Structures are given as C-alpha cells and as structure tokens.
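Written below as structure tokens is the structure these notes are about.
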Amino acid sequence: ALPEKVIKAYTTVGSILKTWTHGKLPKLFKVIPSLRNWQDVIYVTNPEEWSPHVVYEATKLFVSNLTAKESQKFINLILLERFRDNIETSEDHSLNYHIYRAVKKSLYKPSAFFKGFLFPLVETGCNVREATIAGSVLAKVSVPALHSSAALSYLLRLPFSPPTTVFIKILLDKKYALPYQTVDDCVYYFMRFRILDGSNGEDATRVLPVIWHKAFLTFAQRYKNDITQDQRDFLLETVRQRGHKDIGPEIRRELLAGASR
Amino acid sequence: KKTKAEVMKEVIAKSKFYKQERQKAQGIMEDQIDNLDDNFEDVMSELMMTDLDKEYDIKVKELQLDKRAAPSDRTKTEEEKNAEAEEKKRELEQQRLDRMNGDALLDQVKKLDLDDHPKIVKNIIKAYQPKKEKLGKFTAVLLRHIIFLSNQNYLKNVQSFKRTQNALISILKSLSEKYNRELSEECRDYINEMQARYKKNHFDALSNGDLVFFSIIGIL
RNA sequence: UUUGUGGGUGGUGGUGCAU
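In the order they appear, the protein sequences are chains A and B.
So in this note's numbering, spot 210 of the first sequence is number 210, and the numbers just go up one at a time.
So in this note's numbering, spot 203 of the second sequence is number 1203, and the numbers just go up one at a time.
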C-alpha cells in the first residue's frame, strides 16, 4: 500500500532497465546506494525480469558500495533467482558471462558470496551443471583465504550432495590453506563417508562418483602434512574399503609417503 | 537487386536501433528528472529493515589461527623430464652454434670472522639474502674479495685452499647463471682498473689474482 | 583488499560414431 509515486517510478525504472542493454544508469539508481531502503526499493522495481547487463551493473553497484548483510540478502534473493533463471532458460544450460561477472563481484566482496549465494544454493539443491559453473567461477576468482577455507569447513560439515562434493573438489583443487581443525572437519566428513564396521549409514554406504574420487586424490595429494596420523590410517581404511581403479593406489602412495605435523 | 536488398536490410537495422535507443533515452531521462527524485524522497519517507555464516566466521577464525601450505603439482615421468632436458640441451647446442657463427664492509665482516669458515659465513649471508639488488651488490663485492684473498695469501695446501676456492667458485657459477649485469659492469671496470695500473707500471701490478680473474671469467 | 619476490595458461570448445 505504498505511495503511487514510488510504485510508478520503480516499476517504470524496472521497464527502463528492461529495455536497457547498452548505455548508462539513472540518477535514481545511482542515489539508491545513498539511502538504506534497498529491499523496498528493488521490490517495487521488481528485479527478476531485467537484462544481463542490468544485473551486471546492479551487482557492480552493490558490491562496490554496500556492506556485508545487505550484500547477503541482496545476493541471495537477486543472484539466486537470476542464476536459476539464466540456466533453466538456456536450453543447453549455459550462463551469460555478464551474470558470471555478477558472481565474480559477489566473490570479490568479502562476506557477500557465502552469506548470500552459495550456501542457500546448497540448501536448495542446484543441479550438477550449476555446480560445475560456480566451481569454475571459484577457480578463476579468489576471495580471502580465510573465507574460502570457511566455505570448505562449512560444506564439509553440511551433508553430502553431488553439488556438495563438486564444490569441495573445486576448493581442495583451488589449493588454499587447510588448518588442522579444518582437517578435523574434513575427516569428520570422511568418517561419515566410510563404513563403520556398528551403526551404518546412508552417507556411510551410498554411491560416490568419480569427481569425488578426484577430490579424494587432491586431498591426499596436497594436504598430507595436516592430516594427523590417526586421520592417515583412517584414510587408509577409507580408501581400501572404497577404492578405485586407477586413482586409488595413487592416493595410497601419497597417503603412506606423506609425513605430517 | 540482391545487393540492394541486403543494403536495405542494414538500413532497416540502423533505423530500428537509432529510434528505439532514442525512445529508451527519452523515457529514462524523464523518470530520472522527475520520478527519480520522487521515488528517492518517498521511499526514504518509507523504510526497509545462521549455521552457515556462524561456521564461516568460526572457520575464518580457525584459518587465522592455523594457515598451512605445501605446493605440489603432478610428478614427472622419467622419459618425459629426461627428453625435455635432452631437448633443452639440444636448444642450448643450437644457440651456441648460432652464436659461434653469428668492499671494505665485506672485508671487515669476513676478515673479522675467518676465511676457512667465511666460505660458510658468506654462504649463510647469501642464504639469508636469498630468502635482487642485495644479491647483485653482494655478489660483486664477493668476487672483489675473492680476488683480494687469493692475492693476499697462498700459504694453505691442497686440502684447505682448493676446497674453499672451489666451493666459492660453485657459488660464483650459480650466481652468474642468475644475475649477470652486475658482474659484467664489475669486470668491465675491472679491466679499466687493471689497464690503468699496467699503464702506471707494466709489471708491478700483475699477479696471480689478476691471472685467476682471467681464468674465472674464461670459465664463466 | 594491494604491494616487494617466485609462478599455473589452451578449452562455459566444434566434433562424427557406437550404445
């Protein structure tokens, strides 16, 4: 029941930034980061129907100007809707690189990417295509290592999903620092994955594909110095009961011939 | 008629893009001039105001507490690295054939120590330094001091003279294959200094130090 | 986030063909 001038102005600037694909931005939209009420503003603008360059410039604006929790709510709502929108509108499931750039700015802003986009995506169950897409973004662009290893620790605490293991493969190959408490988290993930020869589990017995196998290889490859020796022979038991065909003995050689702290 | 048709098509294209971009320009400017300030003022008259993030903050604190790294890319096969090196040797061969056809501070520190372990003192100084310009300037005054000590004494025997000089010479090798321009201008003006000394007196400035200067440059 | 010092580079690849 808001004022009619706000209604008309924001839906008509919504149509303006629908018909936009080239050019510049309004006085209204560049004084929107001079205010606070962005949720109400952009909810009267109705954001989810604009153009790729438009979501590009909105992300450039909010990442360049605003701060953490505003970035959280903005990136969750807007980028999740636009990301799903772009992928399930493209029939071969391709993302527009300007929306990829929006994701890149979301990474670049420090506490914007994990609070807003990636973790509600893990809750809402994206497909493996979107998983590989955000993994390639995480490969090219880099947040602070603290926040990156934070994403690692929380995704290893959160349950298994194929997006979960693809993302954790992307991080373990992204090759940041792995603290010993984080390898506590990661081998806790691994002891919820292995077989408990008394209470078995679905995550402890289910089917675990080959991208997870590459993740196991890069974990025991790079990070053999932080797995403590009980975690070492626990990885021995894990890989021997759930080994592979050509990746597994490489994991075993890396695992035994690794010394640690 | 086909060519004219294609051109008519392009004309239609340019006309469409110009008119539509003009329309969007008009509308955006209109709203930006009236309804912009309207919306700003009136929405300002209005208003608009955890396991994941908790784990994020906690594991960031964890990261700060305990970062840890050890880089390791994929290992290299025997024949792979060996043939790459053999080919690099071939490239070196080709480059060689194609080329064929077409101080007191250092003194004080080291002599304050002792030569017979100043080999080690210097290697350590270099180790600390290597963990650009530091390296270059020290290498230059190192070669100077090498000349100096070799012209200062020849008392020691094959056991303690040769080993010091040859380990130093290996250091010279590796520092040469890394940095060279400092060495080059050092030895250039070194030729200047020794030719001026010859011109002062022909034989009263030549010695085993300048002879081994010839030797070390000729093997470097 | 950037700086003083080392360094990763081909596929948001086309692609037949058989299931």
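Think of the CB as a built atom: it goes at the ideal place given N, C-alpha and C, for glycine as much as any other residue.
Original post:
Which residues of chain A have a Cβ atom closer than 8 Å to the Cβ of residue 961(B), listed in chain order?
Top reply: This structure cannot settle anything about residue 961(B), because the visible part of chain B is limited to 1001 through 1220.
Subject >> Candidates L1114(B), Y1128(B), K1132(B), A1127(B), of which the one nearest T1164(B) by Cα >> reply: Minimum Cα distance to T1164(B) is reached at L1114(B).
**OP:** From the DSSP output, in three-state form, read off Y1128(B) for me.
**Re:** Helix at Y1128(B).
Subject >> Cα-Cα separation, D1103(B) to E1182(B) >> reply: One C-alpha to the other measures close to 14 Å.
**OP:** Starting from the C-beta of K73(A), find all residues in its chain whose C-beta is less than 6 Å away, skip the five residues before and the five after it, and write them out in chain order.
**Re:** Leaving aside the five residues that flank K73(A) on each side, none in its chain has a CB nearer than 6 Å to its CB.
**OP:** State the CB to CB distance for the pair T1139(B) and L1106(B), rounded to an integer number of angstroms; the pair is presumed to be in contact (CB under 8 Å).
**Re:** For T1139(B) against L1106(B), the beta-carbon gap comes to about 11 Å, at or over 8 Å, which does not count as contact.
**OP:** With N1039(B) as the anchor, note down where its alpha helix (DSSP H) starts and where it stops.
**Re:** 1035 to 1045 is the span of the alpha helix (DSSP H), which, as asked, contains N1039(B).
**OP:** Give every residue of the same chain whose Cβ lies closer than 7 Å to the Cβ of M191(A), excluding the five residues on either side of it in the sequence, and list them in chain order.
**Re:** Residues of the same chain with a CB within less than 7 Å of the CB of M191(A), apart from the 5 flanking positions on each side, are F234 in chain order.
Original post:
Is there at least one Cβ from chain B nearer than 7 Å to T12(A)'s Cβ?
Top reply: Closer than 7 Å to the CB of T12(A) there is at least one CB belonging to chain B.
Original post:
Does DSSP put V1121(B) in a helix, a strand or coil?
Top reply: Here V1121(B) sits in helix by DSSP.
Original post:
Are three or more beta carbon pairs between the segment 221 to 234 of chain A and the segment 1070 to 1085 of chain B nearer than 8 Å?
Top reply: Yes, the segment 221 to 234 of chain A is in contact with the segment 1070 to 1085 of chain B.
Subject >> Nearest-angstrom Cβ-Cβ length linking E81(A) and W38(A), presumed shorter than 8 Å >> reply: Incorrect: roughly 16 Å between the Cβ atoms, too far for contact.
Original post:
When DSSP labels each residue in this structure, what does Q221(A) get in the three-state scheme?
Top reply: Looking at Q221(A) - three-state DSSP - the assignment turns out to be helix.
Subject >> CA-to-CA distance, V187(A) to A151(A), given in whole angstroms >> reply: Looking at the two C-alpha atoms, the distance is approximately 16 Å.
Original post:
Run through DSSP, which three-state label would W212(A) get?
Top reply: If DSSP states are grouped into helix, strand and coil, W212(A) belongs with the helices.
**OP:** Determine, using beta carbons only, whether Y176(A) and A145(A) come nearer to each other than 7 Å.
**Re:** The Cβ atoms of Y176(A) and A145(A) sit closer than 7 Å to each other.
**OP:** Would you decide whether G116(A) is buried or exposed? Buried here means 16 or more other CB atoms lie within 10 Å of its CB.
**Re:** Buried is the label assigned to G116(A), since at least 16 other Cβ atoms lie within 10 Å of its Cβ.
Subject >> Helix, strand or coil at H98(A) according to DSSP, with G and I counted as helix >> reply: When secondary structure is reduced to three states using DSSP, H98(A) falls in the helix class.
**OP:** Starting from the beta carbon of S149(A), find every residue of chain B whose beta carbon is closer than 9 Å, and list them in chain order.
**Re:** Within chain B, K1059, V1060, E1062, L1063, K1067 have C-beta atoms less than 9 Å from the C-beta of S149(A), given in sequence order.
**OP:** Return yes when the Cβ of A102(A) is within less than 7 Å of the Cβ of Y43(A), no when it is not.
**Re:** By the CB criterion at 7 Å, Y43(A) and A102(A) fall outside the cutoff.
**OP:** Using the Cα positions of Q1129(B) and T1050(B), report the straight-line distance between them to the nearest angstrom.
**Re:** Distance between the alpha carbons of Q1129(B) and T1050(B) is about 48 Å.
**OP:** Note down, in chain order, each residue of its chain lying with its Cβ closer than 8 Å to the Cβ of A1205(B), except the 5 sequence neighbours on either side.
**Re:** Setting aside the 5 residues that flank it on each side, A1205(B) is surrounded in the same chain by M1194, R1197, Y1198, each with a C-beta closer than 8 Å to its C-beta; the list follows chain order.
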